[PDB]
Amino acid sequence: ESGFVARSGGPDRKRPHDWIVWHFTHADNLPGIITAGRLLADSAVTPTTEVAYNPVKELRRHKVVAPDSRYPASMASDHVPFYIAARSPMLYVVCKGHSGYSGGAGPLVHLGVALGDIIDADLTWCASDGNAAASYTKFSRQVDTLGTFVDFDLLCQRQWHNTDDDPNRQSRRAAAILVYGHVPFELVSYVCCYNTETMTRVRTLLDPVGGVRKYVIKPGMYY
């Protein structure tokens, strides 16, 4: 679909706690994440294999993330990004390939976390209303207005390309929950893969680590 799903039924504007948010990573990074028991921000350490374009990642090291005066002084690279709609522009960049990675969607794994699980876990987080690197993007952690804060309607669409009258649609599709520091891996309750060999490899890794995780194979959440 859009990749905008929730844990109760379909996503609702007034119940952001049920939204499932998605973090994608290369399957070969998963043993390292297993070892640490958490997803780590880019600033923590360098990953087993990098999928992201290197100039994109260098930009995030200089992007101020500051919803409130109470929010820790921090960069985008200090956060783990979870895209609200799984089929997102950032995932397209990785899937089409570049100089640093060219594997396609095959080895990419989506780790889904419910926003309400992030909140209930007393983690520090905020939402961007679009492309986090852009200077006109805003961050917020006001739960009760998240529905109007992100472009909820666009995130639900199955078709979302830019048009002449709205060249900002892809950017708004990059709205994400940025979790400060790390995300304990037990908070992952959904795993999505593109193919069956990846899913088999993921389950052979995760069967001794955890249990109650829902596993799904969806070409539709990739490019």
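Residue indices: 1-based, along the sequence shown.
**Q** Regarding 115-123 and 92-100, which shows the higher C-alpha temperature factor on average in the entry?
**A** Of 92-100 and 115-123, the stretch with the higher C-alpha B-factor average is 92-100.
**Q** For the stretches 101-109 and 149-157, which has the higher mean C-alpha B-factor as given in the deposited record?
**A** Higher mean C-alpha B-factor in the PDB entry: 101-109.
**Q** With respect to C-alpha B-factor, does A44 fall in the lowest, middle or highest third of the chain as deposited?
**A** For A44, the deposited C-alpha B-factor lands in the highest third.
**Q** Can you tell me whether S69 has a C-alpha B-factor in the lowest, middle or highest third compared with the other modelled residues of the same chain?
**A** Highest third - that is where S69 ends up once the chain's C-alpha B-factors are sorted.
**Q** Going by the CA temperature factor in the PDB record, which third of the chain does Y180 belong to: lowest, middle or highest?
**A** Ranked within chain, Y180 CA B lands in the lowest tercile.
**Q** Give the position of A174 by CA B-factor within its chain, expressed as the lowest, middle or highest third.
**A** Bottom third by C-alpha B-factor.
**Q** Could you tell me which third, lowest, middle or highest, the C-alpha B-factor of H17 occupies within its chain?
**A** Answer is middle: the recorded C-alpha B-factor places it there.
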